[PDB]
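A.B. asks: Quick one: this structure, given as structure tokens, is what I'll be asking you about.
Rule-based calculations on the coordinates, nothing more; no lab input. Virtual Cβ from ideal backbone geometry, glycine too; neighbours counted across all protein chains shown.
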Number of protein chains: 2
Amino acid sequence: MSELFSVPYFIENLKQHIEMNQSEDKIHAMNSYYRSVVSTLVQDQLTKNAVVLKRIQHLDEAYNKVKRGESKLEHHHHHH
Amino acid sequence: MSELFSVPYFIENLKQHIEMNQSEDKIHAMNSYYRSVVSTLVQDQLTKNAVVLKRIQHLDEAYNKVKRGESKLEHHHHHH
């Protein structure tokens, strides 16, 4: 019932932001969420620049996923 | 040799973004110029995660300076 640890979990949270609108935005969702995590990582315990940096470098994968999916050009089949 | 050594120089660039329109925006000026610098500080040379971390943490002073210069300009939701 925890469902976490998995990186895809962090991104799956972004999908709801763009998909729905509980309390965020579209592309500007990552910026908010991304900044939210960054603060936690830095606030965590900055035990090692790597520990915090590693999470930052990896977290970039999420930010890119949103942009790469929110990019101007898109291709699929829509839904209605 | 002696050039761009001063950190305040980086901020002075932001003032132009908000003041003028060198192909940027207002507050979002820092975000764009922010992700640009940190991105370079990480690509320039990874001599040490800390060497870049300390520089990044310092840059925070710049971004904060831009906002700090504002006045919650973003549709006040009527809140103390």
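A.B. asks: Pull up segment B:4-35, narrow it to residues that are assigned to a helix (DSSP H, G or I) and of a type in the set (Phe, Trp, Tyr), then point me to the one that is farthest from A:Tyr34 (Cα to Cα).
C.D. replies: Of everything passing the filter in segment B:4-35, B:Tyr9 is farthest from A:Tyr34 (Cα to Cα).
A.B. asks: Pairs needed: first member in segment B:49-76, over 19 Å from B:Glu19 (Cβ atoms); second member anywhere, small (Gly, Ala, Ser); C-beta distance under 6 Å; at least 6 residues apart or different chains.
C.D. replies: B:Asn49/A:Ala50
A.B. asks: If you check every pair at least six apart or on different chains, which have Cβ atoms under 6 Å apart with a residue in segment B:1-27 that is under 18 Å from B:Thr40 (Cα atoms) first and a residue that is among the hydrophobic types (A, V, I, L, M, F, W, C) second?
C.D. replies: These pairs meet every condition: B:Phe10/B:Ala62; B:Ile11/B:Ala62; B:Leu14/B:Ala29; B:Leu14/B:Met30; B:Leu14/B:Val66.
A.B. asks: With the condition kept exactly as written, say whether any residue in segment A:48-61 is buried (at least 16 other Cβ atoms within 10 Å of the Cβ), more than 14 Å from every other protein chain (Cβ to nearest Cβ) and part of a helix (DSSP H, G or I).
C.D. replies: no
A.B. asks: Among the residues of segment B:36-47, which ones are over 18 Å from B:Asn13 (Cα atoms), more than 9 Å from chain A (Cβ to nearest Cβ) and assigned to a helix (DSSP H, G or I)? Explain how you work it out, then say what you get.
C.D. replies: Applying the first criterion (over 18 Å from B:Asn13 (Cα atoms)) to segment B:36-47 yields B:42-47.
Next cut, more than 9 Å from chain A (Cβ to nearest Cβ) only: B:43-47.
If the condition is that a residue be over 18 Å from B:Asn13 (Cα atoms), more than 9 Å from chain A (Cβ to nearest Cβ) and assigned to a helix (DSSP H, G or I), then B:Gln43, B:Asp44 are the ones that fit.
A.B. asks: Regarding segment B:3-19, can at least one residue be identified that is out of contact with any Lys or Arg (no Cβ under 9 Å at 6 or more places or on another chain), surrounded by fewer than 15 Cβ atoms within 10 Å (Cβ to Cβ) and under 24 Å from A:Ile27 (Cβ atoms)?
C.D. replies: no
A.B. asks: Here is a further query. Between B:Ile11, B:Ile18, which is under 30 Å from A:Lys54 (Cα atoms) and away from chain A (no Cβ under 14 Å)?
C.D. replies: B:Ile11
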